[PDB]
């Protein structure tokens, strides 16, 4: 495995810090049926978890957003290992309201945010359950109830205090994992709108910089990305299949095609994971760029996971500069 290159975009000098966003691929969906091209011994969680940890540890981000973190893995692996490195963390599973055995409850995945206690102090934590937000806002709309409310997805957010010696300063970090099905671009879009307006809100109760990490399951051309990038989208955008605006001014850390793919499978490759930040308060100094395509080609790797790549997503990592 060759080092992915750093791509520097702006020079320093304010407070700099790094953010990692990584979908880890939970054990429950790591099957031969979905990943036929990868040996069982390399799919097995005992094997893959080492690679996942190594990835996270060596990125050594100040802020880590993870998706597809298994509940029991959060308590017995991610959190104790990352505490050992100076982090604290917040986790919520999906399906909290769903009835299931204790066994099944250990295996349910969710979203985690972690942060260096040396650099940040946790002030507030929130969980946003898209099913419940959909139901409370259905309004005699049949699509909402049948299509959105039936999707079990979530987002989490923390309010953090940025330690003044890095320059009472606040930062909101939000992590989400939208529904995956490309037949459901409307759900993806609506889940994004609910997430953004639920975040605008957290922002009221406690003008405050925002970092948004997500597995959006949406291409850069999509209505969801259009909506996050341009502050709004038209109510008749084709992605709704069946103008809406937001208050933030956000940019993608990796915009203008810096990676060709974040998710990498035999059947599908493209950019679907993102780190967005509020441009009024921050710049990107740099990003961790793509794994070298020659290396993948030379090693005959057209899908992940693989023995040297422990997930079917690649991590994103960005350095940002924050101003008061």
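Numbering follows the first chain given and starts at 1.
A chain break between residue 242 and residue 243 is present, corresponding to 10 or more residues of the deposited sequence without coordinates. Deposited sequence between residue 13 and residue 14: 4 to 9 residues lack coordinates. For the pair 268-276 and 285-293, the mean B factor over Cα atoms is greater in 285-293. Comparing the deposited coordinates for 138-146 and 80-88, the stretch with the larger average C-alpha B-factor is 138-146. The top Cα temperature factor in the record, among 238, 96, 151, 116, falls on 238. Within the selection 262, 256, 65, 58, the deposited Cα B-factor values reach their highest point at 256.
Annotation for residue 229: CA B-factor lies in the highest third of the chain's modelled residues. Among all modelled residues in this chain, the alpha-carbon of residue 53 has a temperature factor (C-alpha) in the lowest third.
Per-chain ranking of the deposited C-alpha B factor places residue 70 in the lowest third. In the PDB entry, residue 34 places in the highest third of its chain by CA B-factor.
Ranked within its chain, residue 201 lands in the highest third, by CA B factor from the PDB record.
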